[PDB]
file run.txt (compact mmCIF, C-alpha atoms)
# COMPACT_ATOMS: atom_id res chain seq x y z
CA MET A 1 -87.35 -30.84 -71.49
CA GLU A 2 -87.11 -27.73 -73.72
CA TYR A 3 -85.50 -29.64 -76.57
CA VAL A 4 -86.43 -33.21 -77.49
CA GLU A 5 -84.97 -35.69 -79.99
CA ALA A 6 -86.98 -37.68 -82.53
CA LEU A 7 -86.41 -41.42 -82.35
CA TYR A 8 -88.93 -42.31 -85.04
CA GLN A 9 -90.00 -40.92 -88.44
CA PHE A 10 -93.26 -38.94 -88.27
CA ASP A 11 -94.57 -38.31 -91.77
CA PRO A 12 -96.88 -35.26 -91.69
CA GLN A 13 -100.29 -35.88 -93.31
CA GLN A 14 -101.96 -32.58 -92.36
CA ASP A 15 -101.07 -28.91 -92.50
CA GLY A 16 -99.69 -27.79 -89.15
CA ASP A 17 -97.94 -31.18 -88.62
CA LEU A 18 -94.20 -30.97 -87.95
CA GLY A 19 -92.59 -33.89 -89.81
CA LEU A 20 -89.69 -35.66 -88.05
CA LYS A 21 -86.67 -37.74 -88.99
CA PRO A 22 -84.84 -39.74 -86.31
CA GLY A 23 -82.13 -37.51 -84.79
CA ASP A 24 -84.01 -34.21 -85.24
CA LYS A 25 -83.73 -31.94 -82.21
CA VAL A 26 -87.00 -30.08 -81.82
CA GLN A 27 -87.43 -26.99 -79.68
CA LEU A 28 -90.43 -27.82 -77.48
CA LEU A 29 -92.91 -24.88 -77.51
CA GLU A 30 -95.65 -26.62 -75.54
CA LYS A 31 -96.85 -29.97 -74.38
CA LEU A 32 -100.42 -29.53 -75.65
CA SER A 33 -101.48 -32.89 -74.22
CA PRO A 34 -99.97 -36.27 -73.24
CA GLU A 35 -100.20 -37.24 -76.94
CA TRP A 36 -99.52 -34.08 -79.00
CA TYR A 37 -96.61 -31.59 -78.71
CA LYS A 38 -95.87 -28.30 -80.45
CA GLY A 39 -92.32 -27.52 -81.53
CA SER A 40 -90.03 -26.11 -84.15
CA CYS A 41 -87.26 -27.91 -86.06
CA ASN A 42 -85.04 -26.62 -88.89
CA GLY A 43 -87.15 -23.48 -89.50
CA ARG A 44 -90.48 -25.33 -89.28
CA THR A 45 -93.18 -25.06 -86.65
CA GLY A 46 -95.97 -27.54 -86.10
CA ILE A 47 -97.34 -30.39 -84.00
CA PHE A 48 -96.21 -33.97 -83.63
CA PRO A 49 -97.15 -36.92 -81.41
CA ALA A 50 -95.19 -36.95 -78.10
CA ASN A 51 -94.27 -40.66 -78.34
CA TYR A 52 -92.02 -39.92 -81.39
CA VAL A 53 -89.44 -38.19 -79.17
CA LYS A 54 -87.21 -38.52 -76.12
CA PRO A 55 -85.56 -35.76 -73.99
CA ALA A 56 -82.47 -33.92 -75.35
CA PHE A 57 -81.89 -30.89 -73.09
call {"tool": "encode", "arguments": {"input": "run.txt", "output": "structure tokens"}}
result
Amino acid sequence: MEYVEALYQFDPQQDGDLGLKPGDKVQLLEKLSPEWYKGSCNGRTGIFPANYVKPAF
């Protein structure tokens, strides 16, 4: 998985958080842990919880 698709809405509450709407394909930059990933989506780069997404390609 190098791109992943958001299934759920992640509302960012801290700087560095990548906010997510369902259907957003996020380039996966690194799996930082089981629970937190780093990616970019629509020009933005930040971190989001891994359970918000599923594999895309």
call {"tool": "residues_around", "arguments": {"input": "run.txt", "residues": "range 49-55 of chain A", "least_positions_apart": "5", "cutoff": "8 Å", "atoms": "all atoms listed in the file", "output": "list in words"}}
result
residues 1, 3, 4, 5, 6, 7, 8, 9, 10, 34, 35, 36 and 37 of chain A
call {"tool": "atom_distance", "arguments": {"input": "run.txt", "atom1": "CA of residue 43 in chain A", "atom2": "CA of residue 29 in chain A"}}
result
13.4 Å
call {"tool": "residues_around", "arguments": {"input": "run.txt", "residues": "residue 27 in chain A", "least_positions_apart": "3", "cutoff": "9 Å", "atoms": "all atoms listed in the file", "output": "PDB file with C-alpha atoms, in the coordinates of the input"}}
result
ATOM      1  CA  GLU A   2     -87.110 -27.730 -73.720  1.00  0.00           C
ATOM      2  CA  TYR A   3     -85.500 -29.640 -76.570  1.00  0.00           C
ATOM      3  CA  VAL A   4     -86.430 -33.210 -77.490  1.00  0.00           C
ATOM      4  CA  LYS A  38     -95.870 -28.300 -80.450  1.00  0.00           C
ATOM      5  CA  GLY A  39     -92.320 -27.520 -81.530  1.00  0.00           C
ATOM      6  CA  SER A  40     -90.030 -26.110 -84.150  1.00  0.00           C
ATOM      7  CA  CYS A  41     -87.260 -27.910 -86.060  1.00  0.00           C
TER       8      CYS A  41
END
call {"tool": "atom_distance", "arguments": {"input": "run.txt", "atom1": "CA of residue 15 in chain A", "atom2": "CA of residue 56 in chain A"}}
result
25.8 Å
call {"tool": "atom_distance", "arguments": {"input": "run.txt", "atom1": "CA of residue 16 in chain A", "atom2": "CA of residue 57 in chain A"}}
result
24.2 Å
call {"tool": "axis_aligned_box", "arguments": {"input": "run.txt", "around": "range 44-51 of chain A", "padding_each_side": "5 Å", "output": "JSON"}}
result
{"center_x": -93.9, "center_y": -32.9, "center_z": -83.7, "size_x": 16.9, "size_y": 25.6, "size_z": 21.2}
call {"tool": "closest_residue", "arguments": {"input": "run.txt", "among": "A:17, A:42, A:47, A:11", "to": "residue 30 in chain A", "atoms": "only C-alpha atoms"}}
result
A:47
